[PDB]
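Here is the structure we will look at, set down as structure tokens.
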Amino acid sequence: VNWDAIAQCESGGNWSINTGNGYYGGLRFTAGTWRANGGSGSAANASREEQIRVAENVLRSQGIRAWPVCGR
């Protein structure tokens, strides 16, 4: 799917964002969802491709419903 378009809606495109609001990275991952789908450390330090790779696992276990508005 178009992950770049989804990321723009979720964080304006900043893949390395860590506002400390509980969500990390351009796709706004929680620490739980991140690792539980094959993530190392924090999503804010993880590369774009590595974030996209973990998102593919999220999309397969939870679905596109993980991004209620930006998943469109």
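Plus 98 on top of the position in the sequence shown (first one is 1) and you've got the entry's author numbering. All C-beta atoms, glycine included, are put in the ideal place defined by N, C-alpha and C.
Cβ distance (whole Å) where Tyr121 is taken to contact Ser140 below 8 Å: Their Cβ separation, rounded to whole angstroms, is 11 Å, which puts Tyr121 and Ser140 out of contact at 8 Å.
Which residue's Cα is closest to the Cα of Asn112: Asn155, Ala144 and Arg170? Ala144
Exposure of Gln160, with buried meaning 16 or more beta-carbon neighbours within 10 Å: exposed
Distance check for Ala142 and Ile150, CA to CA, integer angstroms please. 12 Å
Can you give me the Cβ contacts of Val156 inside the same chain, cut-off strictly under 7 Å, excluding the 5 residues immediately before and after it? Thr131, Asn135 and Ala164
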